[PDB]
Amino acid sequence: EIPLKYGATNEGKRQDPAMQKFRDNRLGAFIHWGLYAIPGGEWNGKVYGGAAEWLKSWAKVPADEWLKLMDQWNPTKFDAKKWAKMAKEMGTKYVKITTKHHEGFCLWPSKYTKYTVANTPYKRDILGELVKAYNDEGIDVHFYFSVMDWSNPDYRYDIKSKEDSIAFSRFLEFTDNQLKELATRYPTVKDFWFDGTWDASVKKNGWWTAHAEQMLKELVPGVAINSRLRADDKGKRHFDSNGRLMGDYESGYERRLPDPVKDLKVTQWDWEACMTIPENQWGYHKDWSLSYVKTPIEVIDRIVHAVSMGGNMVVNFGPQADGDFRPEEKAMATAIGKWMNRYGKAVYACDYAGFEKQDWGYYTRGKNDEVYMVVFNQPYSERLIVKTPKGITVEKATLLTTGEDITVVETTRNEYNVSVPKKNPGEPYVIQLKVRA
């Protein structure tokens, strides 16, 4: 191996109770809310099709001008209790919130910059109210944090001069100050999800990513820290120069997912995927007709996909300027919530099952060695093929919702045909298998 002072931290999966809760949660929501929600992907009568949270860049607005949006920040319909009820109803077990996105505007009243929720007509600590409200519903809260900060004059994209070095060094101190602040103001935080860490400035300072991770783990017992934060001695990100995962879990699956046949490597480490509802919109964009919008079944497929391969899935929402959610998102959360009420036993606290992928859908494995078949593609043959691993036998199949026995017929060695239900469920459904070893 190449030796490294700032390479991979521990060996494999954490199995302390905090990581087990992070894992067993499985389904979370993402909240991208910032000044970008005001223009909503439109600058001066020109609608941009790019991601709305990147409008400063699309429309080339200077920092000074972009941040004046603060003067319009007055989410009059915001009600954190309602945000939390909505999440509880969706069956989301955790919410990851943009504390500060690339624009640099903070959703908590930071004492280290003026660009925060304090210096707005609304004044209030949005982050704090959300933390309290989600926690009151027994929902964990995670903090998204963009290292790249377009509002701080000391940020640099690359270290070209002594000047740059003096500035960036001060920037990392600034960054540290905000991180300790979030950690000490909101100690129930369970995770820092770092973003905007890909610039050469950060790659050349791998030492600081390890320090960031280490400092937060001391400030917050059991906190989880994502791989995206981390660079090693040689500038390699996520995985270190010897191929070891840095941070507590892998977080590169953004609007994509690992192949359920070819990428089974992911089962060896914790990981978390995040997804948008449209093609590429994280912040609120006012014109969702500009790209394909995923239906509820398409999002549900991706949730179960992730869990079947040992991962979490986080569904993103981009709240409106006014503090409400658009009706597309409300319909999504309600549709997901209804499905999770019926079928969530096959999601919460589940994991990779070790069975070869089949066309009808996905397997998941429960805490007590239950094996769930989650069927998305209904075979006309009316037979669901199950190939067991060597030594596993199938005792029984039960329709989860009704308890009805489902016929299991042996077809060859380590292979069965599990019948479809007598009555078509009319939606993705679960058959729960009792397996013996």
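In this text, rigid core is short for the largest set of C-alphas that superpose within 1.5 Å between two forms. We number the residues from 1 along the sequence you see.
**Student:** Looking at C-alpha RMS in 7 other deposited structures of this protein with the core superposed, is it 157-165 or 290-298 that drifts more?
**Tutor:** After superposing on the rigid core, the more displaced stretch in 7 other deposited structures of this protein is 157-165.
**Student:** Determine, for 250-258 and 219-227, which one has C-alphas that on average lie farther from this form in 7 other deposited structures of this protein; superpose on the rigid core first.
**Tutor:** It is 250-258 that deviates more in 7 other deposited structures of this protein.
**Student:** Using only C-alpha atoms and the B-factors in the entry, which stretch averages higher, 157-165 or 349-357?
**Tutor:** Result of the comparison: 157-165.
**Student:** Can you tell me whether 299-307 has a higher mean C-alpha B factor than 338-346 in this record, or the other way round?
**Tutor:** For C-alpha atoms only, the mean B-factor is higher in 338-346.
**Student:** Between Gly28, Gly34, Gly403, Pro39, which carries the biggest CA temperature factor in the record?
**Tutor:** Of the candidates given, the C-alpha B-factor peaks at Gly403.
**Student:** Can you tell me which of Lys204, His142, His101, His285 has the maximum CA B-factor listed in the PDB entry?
**Tutor:** Max CA B-factor in the entry, restricted to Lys204, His142, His101, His285: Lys204.
**Student:** Sorting by Cα B-factor within the chain, modelled residues only, which third would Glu272 end up in: lowest, middle or highest?
**Tutor:** It belongs to the lowest third of the chain when residues are ordered by C-alpha B-factor.
**Student:** Hey, what third does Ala80 fall into on Cα B-factor, ranked over its chain?
**Tutor:** It falls in the top third of the chain.
**Student:** Report the third (lowest, middle or highest) to which the CA temperature factor of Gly138 belongs, ranking only the modelled residues of the same chain.
**Tutor:** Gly138: CA B-factor falls in the middle third of its chain.
**Student:** Which third, lowest, middle or highest, does the CA B-factor of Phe22 fall in along this chain?
**Tutor:** Middle third of the chain for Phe22's C-alpha B-factor.
**Student:** How does the C-alpha B factor of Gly318 compare with the rest of the chain: lowest, middle or highest third?
**Tutor:** CA B-factor rank for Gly318: lowest third.
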